[PDB]
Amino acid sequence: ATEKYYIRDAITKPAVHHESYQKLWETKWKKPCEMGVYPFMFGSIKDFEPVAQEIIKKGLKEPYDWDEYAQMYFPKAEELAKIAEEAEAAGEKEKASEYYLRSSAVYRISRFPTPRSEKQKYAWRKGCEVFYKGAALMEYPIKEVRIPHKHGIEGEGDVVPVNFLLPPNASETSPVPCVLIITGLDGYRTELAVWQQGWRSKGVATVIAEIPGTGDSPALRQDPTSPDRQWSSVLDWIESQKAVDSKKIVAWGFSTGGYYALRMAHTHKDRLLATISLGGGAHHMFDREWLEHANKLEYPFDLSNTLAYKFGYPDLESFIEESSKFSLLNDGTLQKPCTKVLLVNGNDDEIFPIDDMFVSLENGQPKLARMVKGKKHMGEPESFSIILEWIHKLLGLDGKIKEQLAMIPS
């Protein structure tokens, strides 16, 4: 196993943040929280630091009691929602928006990595509620669309809930490109929402949809073909929005979303101008060896257990027994023709192996690739510049990617 992957014996070095929440906060989370970036988009250090201090005093650590853990965030989440409600009543639109989104950030982290308890499931519903109240009070409001899941089968939900933002001058006469953002294992439509105003400012529509077994995805967790049905429903809906140019749909998968972006480049080739996989996997992400090591690496919590839950398995061993069936190599996806594909990741990724970029490049048609040497999951920040530069060229946008990226930090 120490000789199997690109990162070699890096897989055997346990990350310090697994020792305690205090180590998670001090070594991994405090910095991005202060900077207002993932996983703390729309958030404030002023909100999280008090909560962090109280969790650290309790000495919470792996294995976490997710009800006990989630409850630590609720007093702050509720405080911020009450401030937003008062601002809204006073006609303080910009203030109400800020505090609803700040509330949504606190609820979000309470149900990281994925809702696996009743209080985390509660926090998901409450987080969506205050997110959409905040989104509704944006200058250019982001809306929820409950897309009819017309391609759904027995056991699947009736709708695909998405975020939707349409630039103001968009019309059937002057239709706009659309970036379909596919979210990840922990960040859902309420998180990747942070990208929508930037695209709007460049004259680009956005639709944000969750992967199977996360957020409000209606898709069967254990069925490898469930995403295929979901994207058929989503693309049918985008096609019905005549203000969107259905010949200029670009799918950008973040994280685990990258797997789905790469898959749909094949399954929905004729309906997509391009797909981007940023820090995605394809094959080796499903290996026993990778999954048996990844729980203790760069991911903040238990990646492999969280992944198993998202795929509808009660434990890691049961997932590993069947995980090979999700491989884009094993299921024959990578042998099919694809639309334009861009693959970007850090070489040293300990969430999904760079080895899966190689598997992706070893099968079917040539794909665009940028490897980011000496960086781990997602190859940030250069990866965001590489991807925006390419999409701007593809869609003939203004190429002002710095202006767009500056809108991300909260």
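One-based numbering along the sequence shown.
Undergrad: Looking at the deposited entry, does 9-17 or 395-403 carry the larger mean Cα B-factor?
TA: Higher mean C-alpha B-factor in the PDB entry: 9-17.
Undergrad: Once you work out the mean C-alpha B-factor for both 243-251 and 78-86 from the entry, which is higher?
TA: Here the higher of the two C-alpha B-factor means belongs to 78-86.
Undergrad: Identify, among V194, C178, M138, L185, the residue whose C-alpha carries the highest B-factor in the deposited PDB entry.
TA: So the option with the highest C-alpha B-factor is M138.
Undergrad: From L328, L272, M72, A205, which pick has the Cα B-factor that tops the rest in the entry?
TA: Comparing C-alpha B-factors across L328, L272, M72, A205, the maximum falls on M72.
Undergrad: Test of reading the entry: by CA B factor among the chain's modelled residues, which third contains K58?
TA: Highest third of the chain for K58's C-alpha B-factor.
Undergrad: Taking the entry's C-alpha B-factors for this chain, is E118 in the lowest, middle or highest third?
TA: Tercile = highest for this residue's CA B-factor.
Undergrad: Using the B-factors in the PDB entry, rank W124's C-alpha atom against the chain and give the third, lowest, middle or highest.
TA: As the PDB entry reports it, the C-alpha B-factor of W124 lands in the middle third of its chain.
Undergrad: Of the three thirds of its chain by CA temperature factor, lowest, middle or highest, which one includes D216?
TA: For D216, the deposited C-alpha B-factor lands in the lowest third.
Undergrad: How does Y99 rank on Cα B-factor within its chain, lowest, middle or highest third?
TA: Highest third of the chain for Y99's C-alpha B-factor.
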